[PDB]
Amino acid sequence: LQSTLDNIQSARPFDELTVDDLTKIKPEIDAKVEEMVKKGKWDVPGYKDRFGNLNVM
Amino acid sequence: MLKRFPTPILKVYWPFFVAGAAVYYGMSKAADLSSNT
Amino acid sequence: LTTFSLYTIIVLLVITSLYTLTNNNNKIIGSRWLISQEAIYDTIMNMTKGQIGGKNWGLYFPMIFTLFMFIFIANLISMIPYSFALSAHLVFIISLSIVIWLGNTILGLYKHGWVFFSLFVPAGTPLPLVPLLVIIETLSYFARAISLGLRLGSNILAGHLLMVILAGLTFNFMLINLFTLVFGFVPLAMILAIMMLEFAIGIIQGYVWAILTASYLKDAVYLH
Amino acid sequence: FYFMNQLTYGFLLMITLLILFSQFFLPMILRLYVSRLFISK
Amino acid sequence: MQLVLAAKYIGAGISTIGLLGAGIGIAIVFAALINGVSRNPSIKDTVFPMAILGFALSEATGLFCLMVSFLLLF
Amino acid sequence: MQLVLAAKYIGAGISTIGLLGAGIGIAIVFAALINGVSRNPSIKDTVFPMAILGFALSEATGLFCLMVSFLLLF
Amino acid sequence: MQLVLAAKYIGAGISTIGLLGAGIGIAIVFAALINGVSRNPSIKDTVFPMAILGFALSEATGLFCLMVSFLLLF
Amino acid sequence: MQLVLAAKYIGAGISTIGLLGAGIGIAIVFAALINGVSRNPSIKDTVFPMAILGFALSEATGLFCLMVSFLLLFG
Amino acid sequence: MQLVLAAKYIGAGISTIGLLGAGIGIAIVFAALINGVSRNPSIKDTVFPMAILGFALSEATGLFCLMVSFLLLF
Amino acid sequence: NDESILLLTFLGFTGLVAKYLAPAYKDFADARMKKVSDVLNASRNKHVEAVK
């Protein structure tokens, strides 16, 4: 767990990480998107809490 | 980025497409009838 | 390759070079271009909930988006005095309204069949009032479909010609007056004002067209 | 009058925009959503 | 013939004068919606569809004037 | 026959003006409906029907004017 | 060619008469916007797009009258 | 030709009356502005630029009626 | 030429109708001004100049009508 | 001629389109990437002390 702390301090791509890299790091991130569309859960909540919808005026 | 996650492209968009085809058949004959060339 | 077709090619050339040709930061931000369309994308997405929401608002979202994109782009570059905008005929805007309505009913007739005729009688209007309302409702369905197409194209035609008609007057004014000053910049001032109006109206009328075509989709999918 | 390579081509344009939006940037907006969602957790 | 077409033109023009009421009507409808949302912001979602309904009806009046004018024209 | 059809067209164009009154009337009815519903959400259920009927035959008045214009045309 | 052109011009004018309603309507929609936002400062974001949309509707209405005028000009 | 010019003149004169609607529109916009600033003095800064916009739109419609009369006169 | 001047005078007379707008516009502007100043004397200093400007603009539209009538008189 | 003047006028208008007198959308965008960047600082760190 100490190596994990040393891992995270110098491996923070908070401005340059790739979402496809997130697909690579976890296939679950890849997996959870397909059955989302097939089962019909087209609407995705959990966004307006962090980023505003950015509505024009 | 452009990672293609499948979404409805034709499964549910058929009615307007067949409406367009029904338009097309007749849509060219209207020009033929009113040629005026 | 008519004027319509070559214009349509120019449309897609601009379309790709706003958001498809940035694709480099691997983030949600990093280019103010991306912020532009997602702003529009969010305004119509929440509008899709507010107007089509309840069972399949996201299912039919792209058509309203694509049509709004189509009208938006066709109205952007339409001010230059030599803008032969959409062949100065605008007949397709009527055609788009016709096919949009014609597809709207087939969806209604497919999803409701004979029940689609019950839409003409929303809440009351009993048998003495049934023939009057079904006449008004059905004629209205033709009515606003054709009106939607003609109003957009004519105003674009009206805006383009009031570019030229006022421009010819300015040519007359700047050629006749020798030493005075208030003869041409005031007509130029109206030209500046009347061009901002034409640019402005195209933006909202694209929105109005987006809201309207959304509004008719509700009636097809949902009976009230 | 002239309709061949515009209206059919118009629906083809709508299909192309449908692809390049719903298969490309709808997954992109969703991907950033879920990416930051798992960043918090 | 020439007088027939002349009166066709003037009849279309004087048929056009019936849509000022349609414009004023859709306008007062939207104005009343603004007033109602001002008084009752919560009821906006319930009350909005009737605004578009009244707009469509008044536009139907205006395009009835259009139909008369256009049939007088062509 | 030239003047007869000419004035028939003129009369139809003048007659179609009733849609102006029809639209203004249905719109004032809608405006009062919206104002009352926003001021009284509970009244909506029992104020919808006669408002619907009232603007319906207010439009029927303009329809009568349109039918007069029609008979003038034909 | 003389009387038909004269009646064309007259029909164009008596169709341009239509912009009166469009102007009055856009102005009253915006006036309702003013009153609503003045009474309720918090409803501005909710009511401004609605009033702008009503503006566009009434302006397209007047532009329709304008087009009916133009078809009798060129 | 004489009747054509005569018709042009009367058509321009009748088309002029769009300035009536322009003036009434700007008047009702300013009246609502007056009522709003009187009732809520704070909302004045929020409503004034909008009122200028509405004025501009109504006077633009009226001025365009004026140019319609102008093109009927000179064309 | 006789018909030309005749219709020129007719057009000037019918263009003078636009002063109705200036009249009832200053009317409603001053009515709102009276209502606002009676509501509270504090707002009078802020509200009077813009009411005067609105009067000036409405009568400027009236003066535009008057000038076009003048062109159809000389 | 007259046409050339119209293009020059809009280029001046387009020049005025360049300014917008410090456009809001510039700062409206400026508020965004900072907001976007800052939460990624907080969110990623939020699970950093989870193992801590």
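Residues carry numbers counted from 1 along their chain as the sequence is written. These may differ from the entry numbering, and residues without coordinates are not shown. Think of it this way: whatever chain is written first is A, whatever ligand is written first is 1, and the rest follow in order. This view holds some of the chains of a larger assembly, and the values cover only those chains. Processing note: side-chain calculations cover all non-hydrogen atoms of the structure and skip hydrogens and water entirely. Residues with missing side-chain atoms are left out of burial classes, side-chain pairs and their counts.

- Chain A has the name ATP synthase subunit d, mitochondrial in the PDB entry, where Saccharomyces cerevisiae is given as its organism.

Considerations on the overall build of chain A
Right, so step 1: When helices and strands are counted, chain A shows 3 helices and 0 strands.
Right, so step 2: Along its sequence from the N terminus, chain A presents helices and strands in the succession α-α-α.
Right, so step 3: We compute the radius of gyration from the C-alpha atoms alone; for a globule the expected value is 2.2 Å times N to the 0.38, where N is the number of residues. The C-alpha atoms of chain A give a radius of gyration of 16 Å, which is well past the 10 Å a tight globule of 57 residues would have.
Right, so step 4: Overall size of chain A, expressed as C-alpha extent along the three principal axes, is 40 × 35 × 20 Å. Think of it this way: any DSSP run of H or I at least four residues long counts as a helix, any run of E at least two long counts as a strand, and we number them from the N terminus.

Structural notes on the overall build of chain B
Right, so step 1: On a plain count of helices and strands, chain B comes out with 1 helix and 0 strands.
Right, so step 2: Three exposure classes are used, based on accessible area relative to the maximum for each residue type with a 1.4 Å probe and protein chains only: buried under 20%, partly exposed in between, and exposed over 50%. Burial statistics for chain B: of 37 residues in total, 38% are counted as buried.
Right, so step 3: All accessible-area figures derive from a Shrake-Rupley calculation using a 1.4 Å probe, and residue coverage is judged against the displayed protein chains alone. Of the accessible surface of chain B, which amounts to about 2400 Å², a share of 67% is contributed by carbon and sulfur atoms.

A few points about a nonpolar patch on the surface
Residue and element names in this part refer to chain I.
Right, so step 1: Without a salt bridge and with relative accessible area above 30%, a residue can belong to a patch; like charges are then joined within 9 Å and nonpolar side chains (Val, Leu, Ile, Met, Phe, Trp, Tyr) within 5 Å. When a carboxyl oxygen of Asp or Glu is within 4 Å of a side-chain nitrogen of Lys or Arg, the pair counts as a salt bridge. Where nonpolar side chains cluster on the molecular surface, the patch consists of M1, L5, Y9, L63, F64, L66, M67, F70, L73 and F74 and spans about 1100 Å² of accessible area.
Right, so step 2: Mapped onto the nonpolar patch, the elements with two or more residues apiece are α1 (2-15) and α3 (44-71).
Right, so step 3: Here the nonpolar patch gets 5 residues from one element, more than from any other, and that element is α3.
Right, so step 4: One can find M1 in the segment before α1.

Here's the deal with the pattern of salt bridges
Right, so step 1: For the structure on display, the rule yields 5 salt bridges over all chains.
Right, so step 2: The salt bridge involving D30(A) is made with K3(B); its shortest N-O contact spans 2.7 Å. One end of the pair, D30(A), is in helix α3 (residues 27-38); the other, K3(B), is in the segment before α1 (14-33), on a second chain.
Right, so step 3: Owing to a relative accessible area of 21%, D30(A) belongs among the partly exposed residues under this scheme.
Right, so step 4: On the basis of relative accessibility, which here comes to 21%, the residue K3(B) falls in the partly exposed class.
Right, so step 5: With a shortest N-O distance of 3.8 Å, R31(D) and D30(A) are connected by a salt bridge. Separated into two different chains, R31(D) in helix α2 (residues 26-40) and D30(A) in helix α3 make up a pair that spans both.

A word on helix α1 (residues 2-15) of chain E
Right, so step 1: The span one expects for a helix is its residue count, reduced by one, times 1.5 Å. A rise of 1.5 Å per residue sets the reference length of α1(E), with its 14 residues, at 20 Å; its end C-alpha atoms lie 20 Å apart and thus fit the reference within 8%.
Right, so step 2: On its buried side, α1(E) packs onto α3 (44-73) of chain E, α1 (2-15) of chain F together with α1 (2-16) of chain G. The criterion used for residue contact is that any of the two residues' heavy atoms lie within 4.5 Å.

Regarding the nonpolar core
Right, so step 1: Ranked by internal contacts, the top residues of the largest apolar core, which has 145 residues, are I28(C), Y60(C) and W209(C).
Right, so step 2: Setting aside residues no more than four positions away along its own chain, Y60(C) makes contact with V12(B), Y13(B), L107(C), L217(C) and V221(C).
Right, so step 3: Grouping buried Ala, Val, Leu, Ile, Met, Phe, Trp, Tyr and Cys residues that are joined through side-chain atoms within 4.5 Å yields what is termed a nonpolar core. One finds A167(C), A60(E), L72(E) and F70(G) within the second-largest nonpolar core, a separate group that totals 62 residues.

Some thoughts on the arrangement of the chains
Right, so step 1: Left apart from each other, chain A and chain H have a closest C-alpha approach of 14 Å.
Right, so step 2: A minimum C-alpha distance of 31 Å separates chain B and chain H, which share no contact.

Some details on the packing of helix α2 (residues 19-39) of chain G against helix α3 (residues 44-70) of chain G
Packed helix pairs are characterised by how far apart their axes lie and by the angle those axes make with each other.
All names here are of chain G.
Right, so step 1: Where α2 meets α3, the axes come as close as 8 Å, and the angle between the chain directions of the two elements is 175 degrees. One finds that α2 runs roughly antiparallel with respect to α3. Counted together, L19, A22, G25, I26, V29, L33 and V37 of α2 and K44, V47, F48, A51, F55, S58, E59 and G62 of α3 form the full contact between these two elements.
Right, so step 2: Just so you know the grouping, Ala, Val, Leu, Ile, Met, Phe, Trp, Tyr, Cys and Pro go in nonpolar, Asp, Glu, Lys and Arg go in charged, and all remaining residues, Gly too, go in polar. Counted by class, the contact of α2 with α3 contains 10 nonpolar, 3 polar and 2 charged residues. To obtain an axis, a line is fitted to C-alpha atoms, over the contacting stretch when the element is a helix, and the angle between two such axes runs from 0 to 180 degrees between their N-to-C directions. Orientation is classified from the angle alone, with under 35 degrees giving roughly parallel, over 145 giving roughly antiparallel, 65 to 115 giving roughly perpendicular, and any other angle giving oblique.

Side note on the interface of chain E and chain F
Right, so step 1: Counting from both sides, the interface comprises 39 residues of chain E and, opposite them, 34 residues of chain F.
Right, so step 2: Two parts lose some accessible area (1.4 Å probe) when they are put together, and adding that loss for both gives the buried area. At the boundary of chain E with chain F, total buried surface from both sides reaches about 3000 Å², with 80% on carbon and sulfur atoms.
Right, so step 3: It is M50(E), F64(E) and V68(E) in chain E that bury the most area against chain F; as a group they hold 15% of the surface buried on that side.
Right, so step 4: For the pair chain E and chain F, the number of links is 0 salt bridges.

What to know about the side chain of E198(C)
All names here are of chain C.
Right, so step 1: Tracing the sequence through the fold places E198 in helix α6 (residues 185-221).
Right, so step 2: Charged residues are defined here as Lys and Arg on the positive side and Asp and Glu on the negative side; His and the ends of the chain fall outside this count. Buried charged residue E198 carries no salt bridge. Nearest counter-charge: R151, at 13 Å.
Right, so step 3: Contacts of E198, omitting those with residues within four sequence positions, involve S78, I156, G159, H160 and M163.

Brief notes about the interface of chain C and chain G
Right, so step 1: Counting from both sides, the interface comprises 11 residues of chain C and, opposite them, 10 residues of chain G.
Right, so step 2: Across the chain C/chain G interface, buried area totals approximately 900 Å², and carbon plus sulfur atoms make up 89% of it.
Right, so step 3: Sorting the residues of chain C by area buried against chain G places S154(C), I204(C) and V208(C) first, and these three jointly supply 32% of that buried surface.
Right, so step 4: There are 0 salt bridges connecting chain C and chain G.
Right, so step 5: For this analysis, a polar contact is any N or O atom pair within 3.5 Å, provided that within protein one partner can donate a hydrogen and the other can accept it, and provided that sequence-adjacent residues contribute only side-chain to side-chain pairs. Counting every contact that joins chain C to chain G gives 0 residue pairs in polar contact.
Right, so step 6: For the side of chain C that touches chain G, the secondary-structure elements that each account for two or more residues are α5 (130-176) and α6 of chain C.
Right, so step 7: Sorting elements by how many residues they give to the side of chain C that touches chain G places α5(C) first, with 6 residues.
Right, so step 8: Along the lines of polarity and charge, the residues of the side of chain C that touches chain G split into 7 nonpolar, 3 polar and 1 charged.

Let's talk about the state of the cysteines
Right, so step 1: Two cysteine sulfur atoms form a disulfide, by the criterion used here, when they sit within 2.5 Å. Scanning the model with the defined rule gives 0 disulfides over all chains in all.
Right, so step 2: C65(F) takes part in no disulfide bond, and the closest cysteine sulfur, belonging to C65(E), lies 9.7 Å away.

Focus: the environment of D43(A)
Residue and element names in this part refer to chain A.
Right, so step 1: Note that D43 resides in the segment after α3.
Right, so step 2: By relative accessible area, which is 38% here, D43 ends up partly exposed.
Right, so step 3: When the C-alpha positions of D43 and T23 are compared, they lie 21 Å apart, and in sequence the two are 20 residues distant.

Concerning the packing of α2(D) against helix α2 (residues 24-46) of chain J
Right, so step 1: Packing of α2(D) against α2(J) brings their axes to within 6 Å, and their N-to-C directions diverge by 50 degrees. With respect to α2(J), the element α2(D) is oriented oblique. Judged by residue contacts, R36(D), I39(D) and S40(D) of α2(D) engage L40(J), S43(J), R44(J) and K46(J) from α2(J).
Right, so step 2: Residue classes in the contact of α2(D) with α2(J) are distributed as 2 nonpolar, 2 polar and 3 charged.

Focus on the environment of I14(H)
Right, so step 1: Tracing the backbone shows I14(H) in helix α1 (residues 2-15).
Right, so step 2: Taking the C-alpha atoms as reference points, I14(H) and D45(H), 31 residues apart in sequence, are found 39 Å from one another.
Right, so step 3: Apart from the residues lying within four places of it in its own chain, the contact partners of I14(H) are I10(G), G13(G), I14(G), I17(G) and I14(I).

Observations regarding the side chain of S15(F)
Residues and elements named next belong to chain F.
Right, so step 1: Topologically, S15 is positioned in helix α1.
Right, so step 2: There is a polar contact of 2.8 Å between the side chain of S15 and the backbone oxygen of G11.
Right, so step 3: When sequence neighbours within four positions are dropped, the list of residues in contact with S15 reads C65, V68, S69 and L72.

Observations regarding the packing of aromatic side chains
Right, so step 1: The criterion for an aromatic pair is that two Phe, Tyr or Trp rings (for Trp, the six-membered ring) have centres within 6.5 Å, with stacked assigned to planes under 30 degrees apart, edge-to-face to planes over 60 apart and tilted to the rest. Overall, the coordinates contain 30 aromatic pairs over all chains when judged by the stated rule.
Right, so step 2: Considering the side-chain rings of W114(C) and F117(C), the 5.9 Å spacing of their centres and the 80 degrees angle between planes classify their relative orientation as edge-to-face.
Right, so step 3: Assessed through its relative accessible area of 67%, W114(C) is described here as exposed.
Right, so step 4: You can call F117(C) partly exposed: its relative accessible area is 39%.
Right, so step 5: For the pair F117(C) and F120(C), a centre-to-centre distance of 6.4 Å together with 50 degrees between the ring planes defines the contact as tilted.
Right, so step 6: The rings of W42(A), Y19(C), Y41(C), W57(C), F61(C), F65(C), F21(D) and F25(D) are connected pair by pair, giving a single aromatic cluster.

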